[PDB]
Ligand SMILES: NC(=O)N1CCC(C(=O)O)CC1
């Protein structure tokens, strides 16, 4: 199972790790993707997860969008995890750089509660423009299931751990 995580709360764990390498090692039941409403996995965690699937994630996602239309900001869908996990839970956090409402971050994290255990990134962090310290706060105050957070950036990981509470 998961190793090298620092326990933040009873159910939230954190590690300085590349979520792709973590997914390949662990092969969790659920890996969370930091998705957009169109499931266009271009950059950040989405681009990296998609590239690890040899673009199979993007092919599957385009078929999902063709059938269902875009997701809502704050929403999610369960698709295949491909070579990385049993499932990928594509979660759309608000993109602050697109003027999206940061209050939707709690709605985005609520999707994690439908899964007993997940490997995940901080939502709305990185290219989504939100404050990662605030994202971690929303995560611990919203998610009740077991969430293993992979934080790629060491400097951000240290800042998150040292400022937690
Ligand atoms: N979603 C996304 O691309 N990112 C958010 C999480 C960041 C991290 O873990 O240091 C990397 C960038």
>> Give me 22, 110, 100 sorted ascending by neighbouring Cβ count inside 10 Å, so fewest comes first.
In response: 110, 100, 22
>> Under a crude label model (7 Å from the Cα following the beta-carbon direction), how far is residue 117 from residue 72 in nanometres?
In response: 3.1 nm
> With each run of n ≥ 4 DSSP H residues scored as -39500 (n - 2.57), what mean residue ellipticity at 222 nm is computed for the chain after dividing by its residue count and rounding to the nearest 500 deg cm²/dmol?
Replying inline: -10000 deg cm²/dmol
> Can you give the Kirkwood hydrodynamic radius of the chain from its Cα pairs, in Å with one decimal?
Replying inline: 15.4 Å
> In terms of the Cα gyration tensor, with a ≥ b ≥ c the square roots of its eigenvalues, is segment 22-69 rounded because a/c is under 1.5, prolate because a/b exceeds b/c, or oblate?
Replying inline: prolate
> Using alpha-carbon pairs under 8 Å, 6+ residues apart, how would you state the relative contact order of the chain in percent?
Replying inline: 29 percent
> Counting only DSSP beta bridges with both residues in segment 22-91, what percent are antiparallel, rounded to the nearest 5?
Replying inline: 50 percent
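So basically every Cβ, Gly included, is an ideal-geometry build from the backbone, and we count neighbours across all protein chains shown. Every number in this text was worked out from the coordinates using simple rules, so none of it is lab data.
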